[PDB]
Structure formats: C-alpha cells, structure tokens
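Novice: task: produce atomic coordinates for the following.
(2 chains)
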2 protein chains.
Amino acid sequence: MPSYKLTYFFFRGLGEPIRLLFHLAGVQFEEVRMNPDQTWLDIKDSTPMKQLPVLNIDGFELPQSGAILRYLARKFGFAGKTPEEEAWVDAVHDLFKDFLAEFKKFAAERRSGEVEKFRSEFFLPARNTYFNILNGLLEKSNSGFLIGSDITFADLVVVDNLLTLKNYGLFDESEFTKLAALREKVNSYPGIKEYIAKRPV
Amino acid sequence: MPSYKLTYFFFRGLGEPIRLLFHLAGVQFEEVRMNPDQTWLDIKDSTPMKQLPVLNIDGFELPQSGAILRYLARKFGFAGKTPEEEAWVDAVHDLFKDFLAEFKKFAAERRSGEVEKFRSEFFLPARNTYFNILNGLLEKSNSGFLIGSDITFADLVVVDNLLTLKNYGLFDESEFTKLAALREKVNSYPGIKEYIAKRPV
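Specialist: Residues are numbered from 1 along each chain as shown, chains lettered A, B, ... in the order given. I have put the structure below:
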C-alpha cells in the first residue's frame, strides 16, 4: 500500500501533466500545495533540487517534473510500449521542453514595452516548426496519440501546453485540425475527463 | 548486423556525452559529423525533429540528445541501477539542461554589444545554485559519482559542461575542489580516457 505525495504550486505549469498522469492511471495521490506568493527561502532551499514539483512515495523523494513524469509513467505503464517507443516519448517530451522555453521567452517579453510583432517572429517561426514536427507524428500515427498504440505522458505534456498556448491566444484550434483532435482525444480520455471536470479552471 | 550511427556537428556541443557513452560502454558506432556552417536547408528539414544529433541503429532514428542518451544508457547499462536511482539520473540530467539554458543565456550576452557584469550577477546565482545541488549529491556520494554506486550518463553530461564552462573561464578546478574531483573520475574512466586522448583538443 504505497502512498503518493506531490508537492507543487497552485497553477498547472510543469506539475499539471504529472497530475493528469496520476488520474490517467487512476492512482490516488496527496497534493501539498505551495504558495509562490508566500514561499519562504529556507523552505525552497530544502527541496530536493531547490525547486518544485517534488514527488514523495513512501519516503523516496524525486524532484524534476521530467524525471517524475517518467518515473510514474513508467510504473503506471504510460512511458512507452517498447524500449524504442519510450525513447520517442522522451523525444517528443524534450521537443516540448525546448519549445516551452521559446514560448516562455515570448510570453515573458510581450509585456516589456508599440508594435512588437517583430519578436512575434522568433516565436511564430519556432512554434510553427514545433507544430510541424508534432503534425508529423500526428500525420503518421494510427492511434490518435503522438506515439504508441495508446496514450503516453507525451500527449499530456503537449496538450496541457496547447491549453496555455490557447489562453495566450497563440493556438487557434481552427487552423490546426490535427492537434485539435489530439487535445480532444486526451481530454475526453477516461480518468482525465473526470479530473479535468472538477479541475479549478 | 545493425549499425550504430550518430549524426552531429564537428564540435562537442550536445552530442559529446553520447560519444563519451559509446566509448565508456565499448559498443562500436560510426560518426557522421555535420557541417554547422554548411547544412543545406532541406537536409535539416528531413531530420526526425529537424535537429541534430540523431541516433541511427539501422534506419531507426532517435532525435534527442537526452532521449538518445537515456535510450543507449539503458541498453548499455549506465542509466542508473534501481528505478529510483535512474529517476535521479534523469533528474540530475534535467537540472543540467535547466542550467545549460542559463549558460547559453550568458555566453550570448557575454559578447553582444559595456561591462554588463549585472547579467553576470544573474548568471552566478544560477551557476552556484546549480553547483550546490550538484555538490549535495557529490557529498551524499560514496562512489565519487553524482548518483549510484558507479558512473552514469548523468556524469558524462555534467563533466563535459564543466569542461566547456572552463574554456569560458566560468569555472576553476581549485575553487571547486569537489566538482573538479568528479571531472577527473570521468575523463580517466577506462574507455573514456582512451577516446578523449584521441579527440581534437
């Protein structure tokens, strides 16, 4: 009877996929919320790698969303259907992390200073390429999920971001029929539909 | 008999740890150095996720430095022992990556445009934090390696960067008696030692 504990912030950011993961695998976990508006230095300074989220499973401590995602997805069997698919999961995820950093660069710079769609020409190009690679796997894929015969933590990681992307008005569900379908596919997926349901919008 | 190719540029960059792995392991692979100053637009486009390095095991491709490392590292036996140990290697790897992103963020500003040490007093707080969490493991270590009873692909990734940081003068072997200690253990490691001896200084 192992108990799972995830310490993270109020928002979705990096921990949401891990959340959707636990729900996808239907394994109950206890979430200790943190306040980024009232966090104490000594408390953050005592986190495994001085940053959240952090997983706790009967003693074991694991920081780094990426690491955590895989650790659980691995146990719950949503890390990949074979040693080679798993690596592609790790692949799409890395692509994500890469883009995620290009996005944050935009998001954190569109409130700096005034026509500046100029810097919106580092992002759109990047976002576009990103979407191509994603539409490449989608173009192929015969299951609806990015890679594999089923859903993997790569589908989560990518869509949760299509959400925030959407909210920053950087993702028009229209123009991107394919990704749209995926977002739909993973949101309606049992375990997540119920979760995304009562989820503080 | 399948063949192991790695496509990547003339320099160390992101692919070097993968190279260190194939040697440290002893598995035979061939390198396809690519010209960063000659990549024909359409050549880049037809790459798995339009980016190098790329692992090839006979018409099987793996598009991510991290995906490629973990993939091989698992097959080769340097991903970590127990699942919990592996998760930490994955975590220390993610950390390195978070850090790497800062280093670039510096090197860039380090020659753009003016004694902007302020950005350099934005880099150090990232630099040090990184080094600390890195020291914590290094202490808790009984092997002399970041995590586990032996070497891990995580170390490969960490020491390499320590070298390049060195070249950028952002690291002093004596100032950091521990991290330096680590770097020695990896370079001298049987297999790596040979290889690094024959690579372009």
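
Novice: get me the contact residues on chain A for chain B.
Specialist: A:48-50, A:60, A:62-68, A:70-71, A:74-75, A:83-84, A:86-88, A:90-91, A:93-95, A:97, A:101, A:129, A:132-133 (C-beta under 8 Å from any C-beta of the partner chain). For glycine as for every other residue, the C-beta is placed from the backbone atoms N, C-alpha and C.

Novice: just the buried members of these?
Specialist: Among these, those scoring as buried are A:48-50, A:62-68, A:70-71, A:74, A:86-88, A:90-91, A:93-95, A:97, A:129, A:133 (criterion: 16 or more other C-beta atoms under 10 Å in any protein chain shown).

Novice: helices - which of these land there?
Specialist: A:65-68, A:70-71, A:74, A:86-88, A:90-91, A:93-95, A:97, A:129, A:133 (DSSP state H).

Novice: need the three-state assignment for residue A:32.
Specialist: At residue A:32, secondary structure determined by DSSP: H, G, I helix; E, B strand; the rest coil is strand.

Novice: which of the three states applies to the residue nearest to it when sequence neighbours are not counted?
Specialist: What sits nearest to residue A:32 in space, not counting adjacent residues and going by C-beta to C-beta, 6 or more residues apart in numbering or on different chains, is residue A:7, at 4.3 Å. Put simply, residue A:7 is strand when judged by three-state DSSP.

Novice: dump the residue contacts of the residue nearest to residue A:71 when sequence neighbours are not counted.
Specialist: Spatial nearest neighbour of residue A:71, chain neighbours left out: residue B:87 (4.3 Å); criterion: C-beta to C-beta, 6+ apart. Residues near residue B:87 by C-beta atoms under 8 Å, 6 or more residues apart in numbering or on different chains: A:62, A:67, A:68, A:70, A:71, B:80.

Novice: the fifth one reaches residue A:55, doesn't it?
Specialist: To tie it back to what came earlier, the one meant is residue A:71. Yes: judged on C-beta atoms under 8 Å, residue A:71 makes contact with residue A:55 at a distance of 6.9 Å.

Novice: any common contacting residues for the two?
Specialist: Joint contacts of residue A:71 and residue A:55 (C-beta under 8 Å, 6+ apart) are residue A:62.

Novice: host element of the nearest residue to residue A:130 once chain neighbours are set aside?
Specialist: Closest residue to residue A:130 apart from its sequence neighbours, by C-beta to C-beta, 6+ apart: residue A:99 at 4.4 Å. Per DSSP states H and E, residue A:99 falls inside helix A:83-107.

Novice: check which residues of stretch A:135-145 are buried.
Specialist: By neighbour count on 16+ other C-beta under 10 Å, the buried set for stretch A:135-145 is A:137, A:138, A:144, A:145.

Novice: in helices only, show me the residues you listed.
Specialist: Those of the buried residues of stretch A:135-145 lying in helices (DSSP H): A:137, A:138.

Novice: domain map for chain A?
Specialist: A:2-76+A:189-201, A:77-188 (curated CATH domains).

Novice: relative to residue B:119, which of these is closest?
Specialist: domain A:77-188 (15.3 Å; C-beta to C-beta).

Novice: just the terminal-to-terminal distance for that closest one.
Specialist: Terminal residues of domain A:77-188 lie 19 Å apart, using C-alpha to C-alpha, to the nearest Å.

Novice: now it, how far from the chain's geometric center?
Specialist: 9 Å (C-alpha atoms, centre = their mean, to the nearest Å).

Novice: neighbours around the residue nearest to residue A:32, how many?
Specialist: 19 (other C-beta atoms under 10 Å in any protein chain shown).

Novice: could you give the bridge partners of it?
Specialist: residue A:32, residue A:54 (DSSP bridges).

Novice: so where does residue A:154 fall, helix or strand?
Specialist: Applying DSSP H and E, one finds residue A:154 within helix A:153-167.

Novice: okay, buried residues for the next helix or strand after that helix please.
Specialist: Using DSSP H and E, the helix or strand that directly follows helix A:153-167 along the chain is helix A:177-187. Buried residues in helix A:177-187, defined by neighbour count with 16+ other C-beta under 10 Å: A:179, A:182, A:183, A:186, A:187.

Novice: buried set for the helix or strand that comes right after helix A:177-187?
Specialist: Using DSSP H and E, the helix or strand that follows helix A:177-187 in sequence is helix A:192-198. Neighbour counts over helix A:192-198 (16+ other C-beta under 10 Å) mark A:192, A:195, A:196 as buried.

Novice: from the chain's centroid, how far away is helix A:192-198?
Specialist: 16 Å.

Novice: which helices and strands does that helix pack with?
Specialist: helix A:16-24, helix A:177-187 (3 or more C-beta pairs under 8 Å, 6 or more residues apart in numbering or on different chains; DSSP states H and E).
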